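Labels below follow one simple rule: chain letters A, B, ... track the order of the sequence lines, proteins then strands, and each chain is numbered from 1.
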Amino acid sequence: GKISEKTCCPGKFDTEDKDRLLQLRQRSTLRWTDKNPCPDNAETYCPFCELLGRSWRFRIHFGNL
RNA sequence: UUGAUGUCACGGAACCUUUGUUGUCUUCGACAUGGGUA
Ligand SMILES: [Zn+2]
């Protein structure tokens with residue numbers, strides 16, 4: 001879970017409005033800590049939650065190839 | 001030409017069955033051609 005001096009929480013992969021999602025994850029998620037995910041109203045998010053884009057508005061946007 | 005907090009599709013052998021095989025003496029004789037003369 002270390003990345004530089006920071007440590008990543010488990011991320012969040014849990015959506016209440018399931019029917020929005022065309023696909024749902026069937027595989028298990030890899031684990032590295034017992035700690036809970038970052039709060040949904042936090043200001044500061046760990047690097048994994050930045051990569052997830054959880055921090056019309058994107059933080060990391062992938063274009064098509 | 002995607003939409004985003006969730007994609008094991010490297011998650012799936014074009015695989016399985018089917019005889020290029022059955023039948024046949026390297027033999028042997030009468031035939032071609034269209035008129036001619038009253
Ligand atoms: Zn986090």
Checklist entry - Where does the sugar of B/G20 land, north (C3'-endo side) or south (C2'-endo side), based on the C1'-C2'-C3'-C4' torsion? => result south
Checklist entry - Hey, is B/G35 sitting syn or anti, using the within-90° cutoff around 0? => result anti
Checklist outcome for this item: Ordered by number, residues from residues 57-65 of chain A within less than 4.0 Å of RNA chain B (heavy atoms) are A/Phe58, A/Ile60, A/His61, A/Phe62, A/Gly63, A/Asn64
Next on the checklist: When you compare the pyrimidine-type six-membered rings of B/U26 and the adjacent B/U27, are the centres under 5.5 angstrom apart while the planes stay under 30 degrees?
Outcome noted: yes
Checklist entry - Base, sugar-phosphate, or nothing: which does A/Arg25 touch, judged by heavy atoms less than 4.0 Å apart? => result base
Checklist entry - In the hydrophobic clustering (ILVMFWY, side-chain contacts below 4.5 Å, transitive), which residues join A/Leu24, or is it alone? => result A/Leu21
Item to check | Euclidean distance for P, B/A4 against B/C8 (whole angstrom) | outcome: 16 Å
Checklist entry - side chain to side chain contact (heavy atoms under 4.5 Å, CB included) with A/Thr33: which residues, sequence neighbours excluded? => result A/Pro10, A/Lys35
Checklist entry - So, north or south for the sugar of B/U17, given that a negative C1'-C2'-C3'-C4' angle means south? => result north
Checklist entry - Can you name the residues that form a side chain to side chain contact (heavy atoms under 4.5 Å, CB included) with A/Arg25, not counting sequence neighbours? => result A/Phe13, A/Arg27, A/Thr29
Checklist entry - For B/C10, does the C1'-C2'-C3'-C4' torsion put the sugar north or south? => result south
Item to check | Non-neighbouring partners of A/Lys18 that pass salt bridge (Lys or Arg N to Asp or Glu O under 4.0 Å), sequence neighbours left out | outcome: A/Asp14
Checklist entry - At what distance, to the nearest 0.5 angstrom, does OG1 of A/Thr44 lie from CD of A/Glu50? => result 9.0 Å
Checklist entry - Can you list, by residue number, the residues of residues 1-13 of chain A that have a non-hydrogen atom closer than 4.0 angstrom to RNA chain B? => result A/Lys12, A/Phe13
Checklist entry - Roughly how far apart, to the nearest Å, are B/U37 and B/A32 at atom P? => result 27 Å
Checklist entry - If we take the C1' atom in both B/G20 and B/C16, what is their distance in whole Å? => result 23 Å
Checklist outcome for this item: Those residues at least two apart in sequence (or on a different chain) that pass ring pair (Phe, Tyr, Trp, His ring centres under 6.0 Å) with A/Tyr45 are none
Checklist entry - What interatomic distance, in whole Å, is found between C1' of B/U5 and the corresponding atom of B/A9? => result 23 Å
Item to check | Base-over-base contact, B/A30 with B/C31: centres under 5.5 Å, angle under 30° | outcome: no
Checklist entry - Given the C1' atoms of B/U7 and B/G3, what is the spacing between them in whole Å? => result 14 Å
Next on the checklist: According to salt bridge (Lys or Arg N to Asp or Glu O under 4.0 Å), who are the partners of A/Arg57, at least two apart in sequence or on a separate chain?
Outcome noted: none
Checklist entry - 5'-most contact on RNA chain B: A/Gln23 or A/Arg20, nearest heavy atom basis? => result A/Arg20
Next on the checklist: If a positive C1'-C2'-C3'-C4' torsion means north (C3'-endo side) and a negative one means south (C2'-endo side), where does B/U21 fall?
Outcome noted: north
Next on the checklist: Reading RNA chain B in the 5' to 3' direction, which nucleotide is the first one with an atom under 4.0 Å from a heavy atom of chain A, and which is the last?
Outcome noted: B/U1 to B/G11
Next on the checklist: Atom CG of residue position A/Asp19 - does it have more than 12 heavy atoms of other residues, nucleotides or ligands inside 6.0 Å?
Outcome noted: no
Item to check | Pseudorotation half of B/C15 (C1'-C2'-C3'-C4': positive north, negative south) | outcome: north
Checklist entry - Using a heavy-atom distance cut-off of less than 4.0 Å, which residues of residues 31-53 of chain A contact RNA chain B? => result A/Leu52
Next on the checklist: Minimum heavy-atom separation for A/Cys49 and A/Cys9, please, with both atom names.
Outcome noted: SG-SG, 3.7 Å
Checklist entry - Any stems for RNA chain B, made of 3 or more Watson-Crick or G-U pairs in a row, each with both distances under 3.5 Å? => result none
Checklist entry - Are B/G36 and B/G35 stacked, with six-ring centres under 5.5 Å and planes under 30°? => result yes
Checklist entry - Shortest non-hydrogen contact from A/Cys8 to A/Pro47? => result SG-CD, 4.0 Å
Checklist entry - Quick one: side chain to side chain contact (heavy atoms under 4.5 Å, CB included) partners of A/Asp40, sequence neighbours excluded? => result A/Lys12, A/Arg54
